[PDB]
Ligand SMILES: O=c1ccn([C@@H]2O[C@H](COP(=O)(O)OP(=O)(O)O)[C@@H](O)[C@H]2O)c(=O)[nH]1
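Only one chain comes next, encoded as structure tokens, the form solved without the ligand.
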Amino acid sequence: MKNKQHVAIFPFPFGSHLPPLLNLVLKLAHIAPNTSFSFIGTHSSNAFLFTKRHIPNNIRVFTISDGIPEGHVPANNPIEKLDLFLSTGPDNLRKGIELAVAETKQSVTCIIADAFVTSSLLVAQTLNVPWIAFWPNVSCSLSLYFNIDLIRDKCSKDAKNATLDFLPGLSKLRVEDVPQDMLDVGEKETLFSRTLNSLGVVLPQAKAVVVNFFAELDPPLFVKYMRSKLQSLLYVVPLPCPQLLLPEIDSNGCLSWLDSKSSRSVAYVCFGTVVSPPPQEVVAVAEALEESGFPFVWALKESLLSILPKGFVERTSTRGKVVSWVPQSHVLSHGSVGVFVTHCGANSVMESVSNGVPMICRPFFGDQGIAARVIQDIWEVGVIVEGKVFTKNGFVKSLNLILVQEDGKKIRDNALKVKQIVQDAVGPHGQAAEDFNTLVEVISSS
């Protein structure tokens, strides 16, 4: 009997949502080299992943519309392009299915999609095939989508520091930690935010939900709570497959520089690539790094070099690196790095906690505030920067706290404890090992 298994993959075709899903498909394609995997992206998303890379032959790439008609120029906000792609609907997706079916001569037996591509659930129901949701976001934020009415009711009536005790295992979460887009109603409501607010209804219809995180790092009551809301909640280790990482050159010379510093002494700063912070904070971050005296690697926009204080990069050159790019995963896995100043992106948090590096947190939007709260009040592996925004005096006090002071010994100790938990979790007898195989069997019997 010939193998007729054919998995259709629908990523959220944007930046940070692309590597973690290809990473999962790579592992799946390796353990099941007889099963066909059809990765369906846009021209820009496919150019992003598959340009340099070489992939196993049972993975095939197909192209659909980005939702941006030719001639049109999207505005400089990170939401429009997401909206335009989401507006393509299930018909654009089914076009990707057509390309897959025509190439493999196999009908689709299973679909794996990023949870945001909620239209792929519609496709899965039409084909009568199981729908598997991939969650590359902050894991703890899954619970929010099943209590939107309560969250909205509390965020309006109650104080901003009021706790969300109705969230099992996440009582530490506050009103001010809630993503703004699930509070926005009316004109400020986007197709992207309408999609995200549909998750509490969309997610339970999934055969399985695959969380790109370590099951042992989430509050047990949260995990249990989500298992009550979903048909299946699976965790698969977010650490890269050997096929994922691309051999890249240390052009800036970050690593060799880090070897010249002593253990846990360097501050690594990178506040995202999606949202640019207000120039006054950029000035404040620069001012704080200089006043502090600590060695630092600052991954900064090339376009933000002009708003930096005059002479800053030059006066700090003998103890600091201001660069356009860093091999972040390698930088965070270096012993010299003592603190990670982050916007709290799901991937950045993953990379920091798995390397025992404590974090100074300044969340900008989305689930980054959920991440920040967990880092500070739950895992206790870092702090939100004083005042929730970057200031010269506040950020220096955060740097001092984590890097050198005895008051931050608990946090540095917890950073090491969590790393050990991750190292054990990615082990052969961790949860994900059992869960990864559950996923393979779902695909096998699809």
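The term rigid core refers to the maximal set of C-alpha atoms that superpose within 1.5 Å between the two forms. One-based numbering along the sequence shown.
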message: Do the Cα atoms of 279 to 287 or of 243 to 251 sit farther, on average, from the shown structure in 4 other deposited structures of this protein when the rigid core is superposed?
response: 243 to 251
- prompt: After a core fit, does 339 to 347 or 267 to 275 show the bigger CA gap to the shown form in 4 other deposited structures of this protein?
  reply: 267 to 275
message: Test of understanding: from the entry's C-alpha B-factors, which stretch has the higher mean, 239 to 247 or 200 to 208?
response: 239 to 247
task: Compare the mean C-alpha B-factor of 169 to 177 with that of 271 to 279 as given in the PDB entry, and name the stretch with the higher value.
output: 271 to 279
message: Just to confirm, going by the entry's C-alpha B-factors, which of 231, 368, 118, 263 comes out highest?
response: 263
statement: Among 85, 364, 298, 145, highest Cα B-factor in the entry goes to 364
message: Please say which third, lowest, middle or highest, residue 442 falls into when its CA temperature factor is compared across its chain.
response: highest
query: Relative to the other modelled residues in the chain, which third contains the C-alpha temperature factor of residue 218: lowest, middle or highest?
result: lowest
query: Mind checking which third residue 380 falls in for C-alpha B-factor across the chain?
result: middle
Assigned third (lowest, middle, highest) for the C-alpha B factor of residue 432: highest
query: What third of its chain's C-alpha B-factors does residue 51 belong to: lowest, middle or highest?
result: highest
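The next section is about a form of this same protein that is not shown, the form deposited with the ligand bound.
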Residue stretch of 306 to 314, 213 to 221, 83 to 91, 346 to 354 approaching the ligand in the entry with it bound, non-hydrogen atom distance within 4.5 Å: 346 to 354
message: Please determine whether residue 272 contacts the ligand in the entry with it bound, using a 4.5 Å cut-off between heavy atoms.
response: yes
query: Using heavy atoms and a 4.5 Å limit, would one call residue 326 a contact residue for the ligand in the entry with it bound?
result: yes
field: Heavy atom of residue 299 within 4.5 Å of the ligand in the entry with it bound
entry: yes
Contact flag, residue 438 vs the ligand in the entry with it bound, heavy atom cut 4.5 Å: no
In the entry with it bound, residues of 2 to 28 near the ligand [heavy atom within 4.5 Å]: 16
